[PDB]
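Data first, discussion second: the structure below is written as C-alpha coordinates.
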Amino acid sequence: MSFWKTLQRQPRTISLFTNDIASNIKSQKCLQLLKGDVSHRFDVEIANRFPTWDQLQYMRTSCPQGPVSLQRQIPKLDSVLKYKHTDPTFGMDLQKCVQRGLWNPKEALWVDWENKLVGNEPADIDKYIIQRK
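Under my numbering, the first residue of the sequence shown carries the number 66, and numbering increases by one thereafter.
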(Lines of atoms letter the chains of each structure in order from A and count residues from 1; the text may use other names and numbers.)
(Lines give C-alpha, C1' and ligand atoms only; values in the text may rest on other atoms or scores of the structure.)
Protein backbone atom coordinates (compact mmCIF):
# COMPACT_ATOMS: atom_id res chain seq x y z
CA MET A 1 0.00 0.00 0.00
CA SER A 2 0.96 3.63 -0.47
CA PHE A 3 2.84 3.76 -3.75
CA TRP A 4 3.14 5.57 -7.07
CA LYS A 5 2.46 2.51 -9.19
CA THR A 6 0.22 1.17 -6.46
CA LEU A 7 0.32 -2.52 -7.27
CA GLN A 8 0.92 -5.81 -5.50
CA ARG A 9 3.70 -8.18 -6.48
CA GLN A 10 6.01 -6.13 -8.69
CA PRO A 11 7.80 -7.84 -11.58
CA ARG A 12 11.40 -7.34 -12.66
CA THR A 13 11.94 -8.46 -16.24
CA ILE A 14 9.88 -6.43 -18.68
CA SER A 15 9.61 -8.19 -22.02
CA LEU A 16 8.49 -5.73 -24.66
CA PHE A 17 7.90 -6.83 -28.24
CA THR A 18 8.12 -4.78 -31.41
CA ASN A 19 5.38 -4.50 -34.00
CA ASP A 20 6.22 -1.57 -36.25
CA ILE A 21 5.50 2.00 -35.22
CA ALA A 22 7.50 4.97 -36.42
CA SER A 23 11.12 5.84 -37.15
CA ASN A 24 12.68 3.20 -34.93
CA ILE A 25 10.16 0.38 -35.07
CA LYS A 26 12.10 -0.96 -32.11
CA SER A 27 12.90 2.31 -30.39
CA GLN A 28 9.64 4.08 -31.17
CA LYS A 29 8.12 0.91 -29.77
CA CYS A 30 9.29 0.98 -26.17
CA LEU A 31 12.08 3.52 -26.39
CA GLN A 32 9.34 5.97 -27.33
CA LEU A 33 6.93 4.38 -24.88
CA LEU A 34 9.33 4.88 -22.00
CA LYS A 35 10.04 8.26 -23.54
CA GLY A 36 7.17 9.24 -21.28
CA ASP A 37 7.76 9.52 -17.55
CA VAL A 38 11.17 8.77 -16.08
CA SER A 39 13.33 5.71 -16.66
CA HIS A 40 14.65 3.55 -13.85
CA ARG A 41 13.51 1.48 -10.89
CA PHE A 42 13.13 -1.45 -13.26
CA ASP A 43 14.83 -2.93 -16.29
CA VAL A 44 13.07 -2.37 -19.59
CA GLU A 45 13.45 -4.90 -22.38
CA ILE A 46 13.02 -3.82 -25.98
CA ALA A 47 12.90 -6.69 -28.45
CA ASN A 48 11.30 -7.01 -31.86
CA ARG A 49 9.87 -10.40 -32.73
CA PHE A 50 6.68 -12.29 -33.51
CA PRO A 51 4.44 -12.87 -30.49
CA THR A 52 4.27 -16.59 -31.20
CA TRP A 53 1.91 -18.57 -28.99
CA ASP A 54 4.92 -20.77 -28.39
CA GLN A 55 6.41 -18.27 -25.98
CA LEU A 56 3.13 -16.47 -25.45
CA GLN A 57 1.80 -19.81 -24.26
CA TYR A 58 2.66 -18.40 -20.85
CA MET A 59 0.92 -15.08 -21.38
CA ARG A 60 -1.94 -16.76 -23.21
CA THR A 61 -2.95 -18.05 -19.80
CA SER A 62 -2.28 -14.88 -17.85
CA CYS A 63 -4.51 -12.94 -20.21
CA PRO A 64 -8.12 -13.00 -21.44
CA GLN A 65 -7.11 -12.38 -25.03
CA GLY A 66 -3.82 -14.19 -24.62
CA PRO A 67 -2.83 -14.73 -28.26
CA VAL A 68 -5.92 -13.02 -29.60
CA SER A 69 -4.40 -9.87 -28.16
CA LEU A 70 -1.30 -10.49 -30.24
CA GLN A 71 -2.97 -11.60 -33.45
CA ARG A 72 -5.43 -8.78 -32.86
CA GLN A 73 -2.53 -6.41 -32.31
CA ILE A 74 -1.35 -6.83 -35.88
CA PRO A 75 -3.42 -5.89 -38.94
CA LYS A 76 -5.50 -8.52 -40.70
CA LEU A 77 -6.01 -10.43 -37.47
CA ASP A 78 -8.55 -12.72 -39.10
CA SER A 79 -5.58 -13.46 -41.32
CA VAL A 80 -2.93 -14.10 -38.70
CA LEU A 81 -5.57 -14.73 -36.06
CA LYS A 82 -6.07 -17.89 -38.10
CA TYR A 83 -3.44 -19.29 -40.43
CA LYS A 84 -3.13 -16.49 -42.96
CA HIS A 85 -0.20 -14.10 -42.81
CA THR A 86 0.32 -15.93 -39.54
CA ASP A 87 1.90 -18.55 -41.76
CA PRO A 88 5.70 -18.65 -42.01
CA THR A 89 5.44 -15.00 -42.96
CA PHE A 90 5.04 -13.56 -39.48
CA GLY A 91 5.89 -16.67 -37.51
CA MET A 92 9.64 -16.64 -36.99
CA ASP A 93 10.47 -12.96 -37.29
CA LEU A 94 7.30 -10.94 -37.75
CA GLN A 95 9.46 -7.83 -37.74
CA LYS A 96 10.49 -8.84 -41.24
CA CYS A 97 6.88 -8.26 -42.23
CA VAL A 98 5.88 -5.73 -39.60
CA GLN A 99 9.12 -3.95 -40.38
CA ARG A 100 6.89 -2.19 -42.89
CA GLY A 101 5.96 -4.95 -45.30
CA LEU A 102 2.55 -6.59 -45.11
CA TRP A 103 1.30 -3.68 -43.04
CA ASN A 104 2.86 -0.89 -41.00
CA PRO A 105 1.45 -1.39 -37.50
CA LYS A 106 2.15 0.82 -34.51
CA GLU A 107 1.28 -1.29 -31.48
CA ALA A 108 3.45 -2.06 -28.48
CA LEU A 109 3.26 -5.46 -26.84
CA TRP A 110 4.19 -5.46 -23.17
CA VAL A 111 4.43 -8.82 -21.44
CA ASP A 112 5.71 -9.56 -17.95
CA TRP A 113 7.27 -12.92 -17.19
CA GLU A 114 8.09 -11.83 -13.66
CA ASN A 115 4.59 -11.32 -12.33
CA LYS A 116 2.90 -12.93 -15.31
CA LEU A 117 1.40 -9.62 -16.34
CA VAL A 118 0.76 -9.15 -20.05
CA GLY A 119 -1.15 -6.57 -22.05
CA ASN A 120 -1.11 -5.76 -25.74
CA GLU A 121 -0.58 -2.03 -25.44
CA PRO A 122 2.06 0.60 -24.65
CA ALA A 123 -0.13 1.93 -21.86
CA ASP A 124 -0.05 -1.50 -20.26
CA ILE A 125 3.49 -0.62 -19.28
CA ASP A 126 2.84 2.87 -17.97
CA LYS A 127 -0.12 1.41 -16.11
CA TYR A 128 1.94 -1.44 -14.72
CA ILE A 129 5.57 -0.45 -15.12
CA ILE A 130 6.06 2.80 -17.00
CA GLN A 131 9.44 3.92 -18.29
CA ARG A 132 10.40 3.45 -14.66
CA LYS A 133 7.35 1.76 -13.19
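Here a beta-carbon is modelled for each residue, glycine too, at the ideal position from N, C-alpha and C.
- Per DSSP, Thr78 is one residue of the beta strand (DSSP E) stretching across 78-83.
- Secondary structure of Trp168 (DSSP, three-state): coil.
- Under DSSP, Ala173 shares a beta bridge with no residue.
- Nearest to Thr78 by alpha-carbon distance, out of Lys141, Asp189, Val176, is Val176.
- By the 16-neighbour rule on beta-carbons within 10 angstroms, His150 is buried.
- Residue pairing by DSSP places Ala112 opposite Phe82 in a beta bridge.
- Residue burial is scored here from C-beta neighbours: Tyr193 has at least 16 other C-beta atoms within 10 angstroms and is therefore classed as buried.
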